[PDB]
Every structure is written in structure tokens, then in C-alpha cells.
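Peer 1: target.pdb is reproduced below (PDB, C-alpha atoms).
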```
ATOM      1  CA  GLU A 153     -25.719  18.108  25.380
ATOM      2  CA  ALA A 154     -26.624  14.635  26.638
ATOM      3  CA  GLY A 155     -24.650  12.769  23.991
ATOM      4  CA  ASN A 156     -27.237  11.377  21.596
ATOM      5  CA  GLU A 157     -26.487   8.031  20.011
ATOM      6  CA  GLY A 158     -25.642   8.748  16.394
ATOM      7  CA  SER A 159     -22.792  11.104  17.268
ATOM      8  CA  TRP A 160     -20.392   8.213  16.660
ATOM      9  CA  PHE A 161     -18.136   9.027  13.707
ATOM     10  CA  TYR A 162     -16.047   6.607  11.691
ATOM     11  CA  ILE A 163     -12.685   8.157  10.875
ATOM     12  CA  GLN A 164     -11.803   7.228   7.292
ATOM     13  CA  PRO A 165      -8.840   8.353   5.174
ATOM     14  CA  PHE A 166      -9.410  10.730   2.282
ATOM     15  CA  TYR A 167      -5.972  10.209   0.749
ATOM     16  CA  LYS A 168      -5.082   6.841  -0.753
ATOM     17  CA  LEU A 169      -1.730   6.822   1.073
ATOM     18  CA  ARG A 170      -3.286   5.577   4.322
ATOM     19  CA  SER A 171      -5.598   2.670   5.054
ATOM     20  CA  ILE A 172      -7.591   1.035   7.840
ATOM     21  CA  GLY A 173      -5.326   0.153  10.759
ATOM     22  CA  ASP A 174      -2.811   2.953  10.184
ATOM     23  CA  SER A 175      -2.427   5.552  12.921
ATOM     24  CA  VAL A 176      -3.569   9.074  12.057
ATOM     25  CA  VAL A 177      -0.903  11.761  11.685
ATOM     26  CA  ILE A 178      -1.492  15.371  12.715
ATOM     27  CA  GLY A 179      -2.224  17.658   9.784
ATOM     28  CA  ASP A 180      -3.607  15.214   7.225
ATOM     29  CA  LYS A 181      -6.916  15.333   5.349
ATOM     30  CA  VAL A 182      -9.627  12.983   6.588
ATOM     31  CA  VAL A 183     -13.323  12.429   5.887
ATOM     32  CA  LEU A 184     -15.865  11.837   8.655
ATOM     33  CA  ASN A 185     -19.043   9.788   8.337
ATOM     34  CA  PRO A 186     -21.498   8.682  11.042
ATOM     35  CA  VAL A 187     -21.756   5.065  12.096
ATOM     36  CA  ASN A 188     -25.427   4.643  11.101
ATOM     37  CA  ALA A 189     -26.081   7.355   8.529
ATOM     38  CA  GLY A 190     -23.624   6.409   5.792
ATOM     39  CA  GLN A 191     -23.468  10.023   4.584
ATOM     40  CA  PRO A 192     -20.093  11.790   4.983
ATOM     41  CA  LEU A 193     -20.387  15.116   6.780
ATOM     42  CA  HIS A 194     -19.662  17.933   4.330
ATOM     43  CA  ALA A 195     -19.755  21.718   4.254
ATOM     44  CA  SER A 196     -22.501  22.999   1.971
ATOM     45  CA  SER A 197     -22.575  26.169  -0.127
ATOM     46  CA  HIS A 198     -26.097  27.361   0.769
ATOM     47  CA  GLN A 199     -25.776  30.604   2.708
ATOM     48  CA  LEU A 200     -28.095  31.409   5.590
ATOM     49  CA  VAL A 201     -30.260  34.514   5.885
TER      50      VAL A 201
ATOM     51  CA  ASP B 202      33.373 -11.217 -29.703
ATOM     52  CA  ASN B 203      34.027  -7.912 -27.929
ATOM     53  CA  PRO B 204      36.602  -5.133 -28.537
ATOM     54  CA  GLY B 205      37.759  -4.504 -24.973
ATOM     55  CA  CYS B 206      37.638  -7.977 -23.466
ATOM     56  CA  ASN B 207      40.588  -9.697 -21.771
ATOM     57  CA  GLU B 208      39.983 -13.162 -20.406
ATOM     58  CA  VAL B 209      40.993 -14.527 -17.002
ATOM     59  CA  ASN B 210      43.237 -17.589 -16.694
ATOM     60  CA  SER B 211      45.044 -19.459 -13.912
ATOM     61  CA  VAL B 212      48.843 -19.766 -14.260
ATOM     62  CA  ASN B 213      51.903 -19.008 -12.107
ATOM     63  CA  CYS B 214      51.995 -15.397 -13.361
ATOM     64  CA  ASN B 215      51.539 -12.690 -10.743
ATOM     65  CA  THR B 216      48.680 -10.233 -10.280
ATOM     66  CA  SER B 217      47.054  -8.210  -7.513
ATOM     67  CA  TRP B 218      43.309  -8.294  -6.837
ATOM     68  CA  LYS B 219      42.427  -5.140  -4.906
ATOM     69  CA  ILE B 220      39.550  -5.896  -2.520
ATOM     70  CA  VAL B 221      37.479  -2.726  -2.969
ATOM     71  CA  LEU B 222      34.308  -2.758  -0.895
ATOM     72  CA  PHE B 223      30.714  -2.107  -1.937
ATOM     73  CA  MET B 224      28.432  -2.843   1.030
ATOM     74  CA  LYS B 225      29.218  -3.826   4.605
ATOM     75  CA  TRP B 226      27.920  -6.931   6.333
ATOM     76  CA  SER B 227      24.740  -6.210   8.351
ATOM     77  CA  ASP B 228      23.729  -3.800   5.619
ATOM     78  CA  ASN B 229      22.385  -6.744   3.575
ATOM     79  CA  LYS B 230      19.191  -6.905   5.625
ATOM     80  CA  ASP B 231      16.183  -7.562   3.423
ATOM     81  CA  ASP B 232      13.890  -5.049   5.162
ATOM     82  CA  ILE B 233      15.758  -1.825   4.282
ATOM     83  CA  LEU B 234      16.791  -0.005   1.135
ATOM     84  CA  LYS B 235      20.324  -0.594  -0.121
ATOM     85  CA  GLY B 236      22.502   0.874  -2.841
ATOM     86  CA  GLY B 237      21.782  -1.835  -5.393
ATOM     87  CA  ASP B 238      18.104  -2.634  -4.946
ATOM     88  CA  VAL B 239      15.809  -2.649  -7.962
ATOM     89  CA  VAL B 240      12.488  -0.960  -7.199
ATOM     90  CA  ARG B 241       9.421   0.161  -9.121
ATOM     91  CA  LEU B 242       7.988   3.571  -8.228
ATOM     92  CA  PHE B 243       4.251   3.025  -7.775
ATOM     93  CA  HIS B 244       2.247   6.200  -7.365
ATOM     94  CA  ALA B 245       0.197   6.196  -4.179
ATOM     95  CA  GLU B 246      -2.956   6.980  -6.156
ATOM     96  CA  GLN B 247      -2.812   6.341  -9.904
ATOM     97  CA  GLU B 248      -0.140   3.984 -11.310
ATOM     98  CA  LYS B 249       3.590   3.339 -11.672
ATOM     99  CA  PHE B 250       5.679   5.578 -13.905
TER     100      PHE B 250
END
```
Have the structure of the file written as C-alpha cells, please.
Peer 2:
Amino acid sequence: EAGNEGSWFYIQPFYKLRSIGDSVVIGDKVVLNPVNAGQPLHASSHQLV
Amino acid sequence: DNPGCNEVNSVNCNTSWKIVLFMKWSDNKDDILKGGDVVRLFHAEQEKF
């Protein structure tokens, strides 16, 4: 709730069409990684109980 | 050298050179596509075809 540091997310293009400095269009595919984790946030396949 | 090949001279004989247009002035800007540009079609990801 308080806004922990580490919620900063680099926005980085997944497609090779776009590059750093290009404005993001609505509806494209993008990958998100934190500023100080270096691990892109993904959706796993391990179901919960 | 060539079968259909008539040369061009300069005498007093009469002829008519029809000025048939191809591209207007102010369409020869270097920053836009034109109807005679030579381009190579690079794929955004892999390589040119």
C-alpha cells in the first residue's frame, strides 16, 4: 500500500520493431522487468491449492 | 548492335518531342517514398528477403 521501493518497472519492447526512445502504442506486446531485480515478471504455470 | 535501335541526330528535319510527365516538382523530396526509388525489404526481425 505504501509504495515500496522496488515497484519501479522498466518498460522494454518485446518485439524487435520498436526500440528505446520510441513511444509506446496501445495494444502492443511489452515485457516488464524491475529496476533492481533484473528478472522479467512472468506468469508461471504452477497452480495454487 | 541491336535489332530495334534507331539513333538520334541533329539536322533541319522536323520532329515532335511530347513532354510526358513522370513526377512533379516538390515530390522529389529525399525523405519520402517515390515511384522510382530502389529499396531493400529488411525484415524487422530476421533478415532481408
Peer 1: What's the 12 Å shell around residue 244 (chain B), counting all atoms listed in the file, without same-chain residues fewer than 4 positions away, as a list in words?
Peer 2: residues 168 and 169 of chain A; 248, 249 and 250 of chain B
Peer 1: For chain A, work out the contacting residues on chain B at 10 Å, counting all atoms listed in the file, and write them as a list in words.
Peer 2: residues 244, 245, 246 and 247 of chain B
Peer 1: Take the PyMOL selection byres ((chain A and resi 186-191) around 7), apply it to the structure above, and return the hits as a list in words.
Peer 2: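 What the PyMOL selection byres ((chain A and resi 186-191) around 7) grabs from the file is residues 158, 159, 160, 161, 162, 184, 185, 192 and 193 of chain A.
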Peer 1: Take CA of residue 181 (chain A) and CA of residue 165 (chain A) and report the distance between them in Å, one decimal.
Peer 2: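 Distance between the two atoms: 7.2 Å.
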Peer 1: Report as a VMD selection string the full result of the PyMOL selection byres ((chain B and resi 236) around 9) when it is applied to this structure.
Peer 2: chain B and resid 223 to 224 234 to 235 237 to 238
Peer 1: Interatomic distance between CA of residue 177 (chain A) and CA of residue 242 (chain B)?
Peer 2: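 A separation of 23.3 Å between them.
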Peer 1: What's the separation between CA of residue 182 (chain A) and CA of residue 194 (chain A), in Å to one decimal place?
Peer 2: 11.4 Å
Peer 1: For each of A:153, A:200, A:180, A:195, take the minimum atom-to-atom distance to residue 166 (chain A), counting all atoms listed in the file, then give the residue where this is smallest.
Peer 2: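 Residue with the minimum atom-to-atom distance to residue 166 (chain A): A:180.
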Peer 1: Please return the centre and edge lengths, in Å to one decimal, of a box with edges along x, y and z that contains all listed atoms of region 203-215 of chain B, widened by 5 Å on every side, as JSON.
Peer 2:
```
{"center_x": 43.0, "center_y": -12.1, "center_z": -19.6, "size_x": 28.0, "size_y": 25.3, "size_z": 27.8}
```
